[PDB]
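As a starting point, one isolated chain is supplied in structure tokens, in the form deposited in one PDB entry.
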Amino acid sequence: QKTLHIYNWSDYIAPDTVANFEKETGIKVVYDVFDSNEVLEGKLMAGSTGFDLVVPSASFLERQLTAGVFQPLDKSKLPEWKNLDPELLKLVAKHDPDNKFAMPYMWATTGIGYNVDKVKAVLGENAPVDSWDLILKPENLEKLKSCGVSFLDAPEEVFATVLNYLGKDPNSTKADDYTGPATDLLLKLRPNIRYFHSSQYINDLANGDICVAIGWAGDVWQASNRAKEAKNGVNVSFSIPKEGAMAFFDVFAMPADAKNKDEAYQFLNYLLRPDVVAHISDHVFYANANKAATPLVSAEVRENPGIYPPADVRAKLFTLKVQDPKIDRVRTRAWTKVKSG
């Protein structure tokens, strides 16, 4: 009996994807989930993960490659590879030279999820939901505390977002930018932040328990759809703010000690099938990286500019770079100060 172990982000597959694969191939899939790049990276660096496939963000994979934790993908076993968007492959190749190790899966942005009615009640009809001012201006966050504020537990993304907002290089290599202005602003915001978490905010937005969050786009659209399906009167939306936002590219990769490689390739080729991955986008509200799949995606998802953004919006997006050891240390120490504030 063939088995296959997969570690993916939570809320990042359709409900029947695995069952359909199992029914087709006769392979038993053990599927587990995470909500943190740091948790995944720690597992990869500490020893065997026990998984045959894992799904880091590409900027984290860039760092992980130098430790040798992945094995290169045999493209001859990935004939549906051609379906992938060549322009996205080129962007991911900045992290994964010649696309040797990573298969792009989904991509989106780190923006603001919010309860439309609650934010307009607190900050008025002209609340600045088009701007990071909504949540990074202390005077606004002090008022939104009234209905609940969450930030991602994602230090590289939060600091890059703050640096961009402050007019710095999002990937600044100046240590004082982290210890000075970025820490200063985050510490002024901290008293108003209910929690730092990268998955509880979905249901809390959907249920009305928080009214604003730093969130990943498709997670927030899921929250919006859950409220609609519940017919609970909660109206959640998502904003890519005017100052720009971070884009991320999540990728499948194969640990170097994977046990069931043939099964892993069967699963990857299944995901390269346009109807399979379009079906996933339909349920998780994320743009997939498969150009052949785009016309098969539901119009509700494909025509949402907060999911498949147009060129003028993509032009304002930035990506993470890997930081050197000094900046990595300074950033991690600053994040510790912020969470316990």
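For every residue, the number given is its place in the sequence shown, counted from 1.
Just so you know, the form deposited in another entry exists too; it's not on screen, but the next bit is about it.
Considering the chain as two rigid segments that shift between the shown form and the other one, residue 214 sits in the same segment as residue 135, judged by which superposition fits each C-alpha better.
Between residue 309 and residue 126, the Cα spacing is smaller in the other form than in the shown form, differing by no less than 3 Å. The pair residue 229 and residue 282 is at least 3 angstroms farther apart at the CA level in the other form than in the present model.
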